[PDB]
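In the structure tokens that follow, a single protein chain appears in two forms: structure 1, then structure 2.
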Structure 1
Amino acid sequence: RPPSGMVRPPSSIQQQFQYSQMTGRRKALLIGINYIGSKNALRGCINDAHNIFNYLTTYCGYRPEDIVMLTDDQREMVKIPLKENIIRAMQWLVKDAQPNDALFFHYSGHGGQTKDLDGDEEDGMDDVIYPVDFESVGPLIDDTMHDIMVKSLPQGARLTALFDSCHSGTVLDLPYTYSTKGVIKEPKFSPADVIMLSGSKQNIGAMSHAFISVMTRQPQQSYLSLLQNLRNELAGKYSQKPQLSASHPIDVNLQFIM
């Protein structure tokens, strides 16, 4: 699947945005909510963040002191994926964002929405995620995750998001979307290098596990080769398609470097 002559993303302003040369500060915010005790409880979501954590540390050079992990089985009330905890942790990831950084975000939990064909008044806020205290604080909507994690990024900074949740296809309000059903593309900008993986638009945690295994068993991939490999990796055991959303047009033949 890798192209014959694959040139890494061009290290210059394009047309308005700029990519990341994936060498700057490598931070990660990892969220796994299992909703223990509740009548809508889940299993494996906490284990998913662990999987992303140690993969990021081993094959991606992410130091643990740069990684915040919110999981509800922890003991530290600061690290329990409460809404204020999730929000504050998102502000930290994006804080001091500079060109060419390698931020990573991961979420494994409940996805849903308050729907609308396109976003206004229900401004952009169709997709949502549920903090562990969502029953008494409300969900964390599509728009707020844009204002926090995308806007405060300057030109050149890469945020690499990964959603294992369902109904989270446009959960970062990303303008562009790339799929692999005949190579689909599906359209206030930001020059940052924001990309995101998600499924379909309920078996959860499929998208992270396919990603580690696609990137462990073949570390050299293009934006294109990634999506076919994820589709073969998913279409066997899980019914959903990979969706790489983005904040800018991506010539998918470039080298995806994480």
Structure 2
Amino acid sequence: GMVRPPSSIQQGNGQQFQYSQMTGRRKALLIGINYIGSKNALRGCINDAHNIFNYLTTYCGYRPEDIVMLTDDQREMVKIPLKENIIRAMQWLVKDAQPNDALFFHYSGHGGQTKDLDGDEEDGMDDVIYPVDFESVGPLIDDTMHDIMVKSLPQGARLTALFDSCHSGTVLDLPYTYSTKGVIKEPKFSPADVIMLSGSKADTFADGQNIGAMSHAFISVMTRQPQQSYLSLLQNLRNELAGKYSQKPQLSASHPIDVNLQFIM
């Protein structure tokens, strides 16, 4: 059998944190932006969000009324991934979060860094996503995403964030990153259970071909073999991406992870 994550509060590296048991509420926010008709148009991001929608509702018990999907092919304004709609949807996603909830966030679109002009550090950069209206309202930055989606969460609430944009863990101010090689990044800590999956690589605008590889690989890995440890998830993602893309899978987290534990969805 598998080893499920422990249910007691954990101490690790001067941090208290709790793994989600994934027995709580299942809500998801899925964002696919093709920037349709613009010079930064992409072709597959909306499809990426639909593919994650189908995976979550078919295999993970998510109900359609519990998923907000924002894609820019929509004629209804409230379904468009405008910055203000993304912010309101991120607030919806975490409202009411409890320990053991299973919240899901997916972003497929452009990503990069912008100068952190108020940041009390020269050459300091914000890590950002690009809402469809970014040419008129700017990006949505790490600080905001972290403040809405992470800082709010109770101990033991899961947020599983899947980025198709090749962000690093800095996009959600996560202190830990794991690869198939082990710990590749480690240290205001959260006790929640925030994990992030993303590929290693204003940096997507000329490299749009690596966008979308992670959700495709994730769905493929999890469909072929639903039983995964965090270790095998990263190995199987690595195997799924190795030829077709240069990006490598990276698991970022708000807390240390014993990779031998089961990765529960």
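Each form is matched to the other, and the largest set of C-alpha atoms that superpose within 1.5 Å is called the rigid core. Here, a residue number simply tells you its place in the sequence of structure 1, counted from 1. Shifts are known only where both forms have a C-alpha.
Comparing the two forms between structures 1 and 2 on the rigid core, the single residue of 147, 96, 120, 73 with a CA shift of 2 Å or greater is 120. Remark: with the core as the superposition reference, the CA shift of residue 165 between structures 1 and 2 stays below 2 Å. The rigid core superposition between structures 1 and 2 gives a CA shift for residue 181 of 3.4 Å. Superposed on the core, the two forms differ at residue 236, whose C-alpha moves 1.5 Å between structures 1 and 2. Superposition on the rigid core leaves 114-126, 166-170, 181-187 as the runs of at least three consecutive shared residues whose Cα positions differ by 2 Å or more between structures 1 and 2.
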